[PDB]
Amino acid sequence: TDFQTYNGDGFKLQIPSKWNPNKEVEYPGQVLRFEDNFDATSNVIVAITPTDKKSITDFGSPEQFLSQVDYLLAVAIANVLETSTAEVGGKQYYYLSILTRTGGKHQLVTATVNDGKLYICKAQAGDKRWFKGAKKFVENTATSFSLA
Ligand SMILES: OC[C@H]1O[C@H](O)[C@H](O)[C@@H](O)[C@@H]1O
């Protein structure tokens, strides 16, 4: 109920039901941007770019991957808090949770590689929307990202 299933070009994810699309492009390869109408710092994007890589693991570790796409994050401090990996349909997924400072922004990145394309999903919220009951709008959103 709190989320709506979004079917995109070769992917799917859960998007907070009250968020609205924004056509303004902020990221290279951006194909999706949804945000809280009342606070644009709460948002999710999906970006698709060409890659010669065959798996997200080709980048190295999750942290090594993030270093190579640091355009995703003026940010003065970026702390990787936790990482994870998963495998679905023979495809590897990387997950990172990040706190950035120029309070801070709470960001979650999901990434995978398929069919000559790099897929990145990033969701974020500021302190005002980082509280018990609202974290799912960042966390479920980003971790729900799947190839389809
Ligand atoms: O508490 C519920 C609210 O939490 C956050 O502010 C979300 O951005 C919003 O979409 C949701 O309705």
# chains A, B, ... in the order shown; residues from 1 in each chain; ligands from 1
$ residues_near_ligand --ligand "ligand 1" --cutoff "10 Å" --atoms "only C-alpha atoms and all ligand atoms" --output "number ranges by chain"
A: 2-3, 15-20, 35-43, 124-126, 128-138
$ select_by_dssp --residues "chain A" --states "helix (DSSP H, G or I)" --output "MDAnalysis selection string"
chainID A and resid 56:59 62:68 70:72 127:129 136:143
$ write_last_selection --atoms "C-alpha atoms" --output "mmCIF file, in the first residue's frame"
data_model
loop_
_atom_site.group_PDB
_atom_site.id
_atom_site.type_symbol
_atom_site.label_atom_id
_atom_site.label_comp_id
_atom_site.auth_asym_id
_atom_site.auth_seq_id
_atom_site.Cartn_x
_atom_site.Cartn_y
_atom_site.Cartn_z
ATOM 1 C CA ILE A 56 28.962 -5.756 -11.453
ATOM 2 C CA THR A 57 31.807 -7.786 -9.875
ATOM 3 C CA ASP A 58 34.024 -6.782 -12.836
ATOM 4 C CA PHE A 59 34.353 -3.398 -11.084
ATOM 5 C CA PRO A 62 31.150 -2.705 -3.953
ATOM 6 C CA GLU A 63 33.357 0.119 -2.608
ATOM 7 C CA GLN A 64 35.612 -0.030 -5.681
ATOM 8 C CA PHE A 65 32.515 0.159 -7.880
ATOM 9 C CA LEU A 66 31.258 3.283 -6.066
ATOM 10 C CA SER A 67 34.643 4.986 -6.520
ATOM 11 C CA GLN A 68 34.302 4.464 -10.278
ATOM 12 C CA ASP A 70 31.440 8.827 -7.830
ATOM 13 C CA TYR A 71 29.496 11.269 -10.040
ATOM 14 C CA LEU A 72 26.511 9.677 -8.233
ATOM 15 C CA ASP A 127 17.626 13.967 8.409
ATOM 16 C CA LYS A 128 14.046 15.308 8.555
ATOM 17 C CA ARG A 129 12.850 12.121 6.832
ATOM 18 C CA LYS A 136 11.636 2.264 4.221
ATOM 19 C CA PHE A 137 11.070 4.992 1.621
ATOM 20 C CA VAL A 138 14.835 4.916 1.050
ATOM 21 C CA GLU A 139 15.613 1.320 2.015
ATOM 22 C CA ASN A 140 12.772 -0.702 0.480
ATOM 23 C CA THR A 141 12.822 1.504 -2.609
ATOM 24 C CA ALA A 142 16.502 0.896 -3.400
ATOM 25 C CA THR A 143 16.758 -2.762 -2.340
#
$ atom_distance --atom1 "atom CA of residue A:9" --atom2 "atom CA of residue A:80"
28.8 Å
$ closest_atom_pairs --of "stretch 22-80 of chain A" --to "stretch 112-121 of chain A" --cutoff "10 Å" --atoms "only C-alpha atoms" --output "CSV"
residue,atom,partner,partner_atom,distance
A:29,CA,A:119,CA,9.1
A:30,CA,A:120,CA,9.0
A:32,CA,A:121,CA,9.2
A:33,CA,A:121,CA,9.9
A:44,CA,A:121,CA,7.1
A:45,CA,A:121,CA,5.7
A:46,CA,A:121,CA,4.4
A:47,CA,A:120,CA,5.2
A:48,CA,A:119,CA,4.8
A:49,CA,A:118,CA,5.2
A:50,CA,A:117,CA,4.6
A:51,CA,A:117,CA,5.1
A:52,CA,A:116,CA,6.0
A:53,CA,A:116,CA,6.9
A:54,CA,A:113,CA,6.4
A:55,CA,A:113,CA,5.1
A:56,CA,A:112,CA,5.3
A:57,CA,A:112,CA,8.8
A:58,CA,A:113,CA,9.3
A:69,CA,A:120,CA,9.7
A:72,CA,A:120,CA,9.3
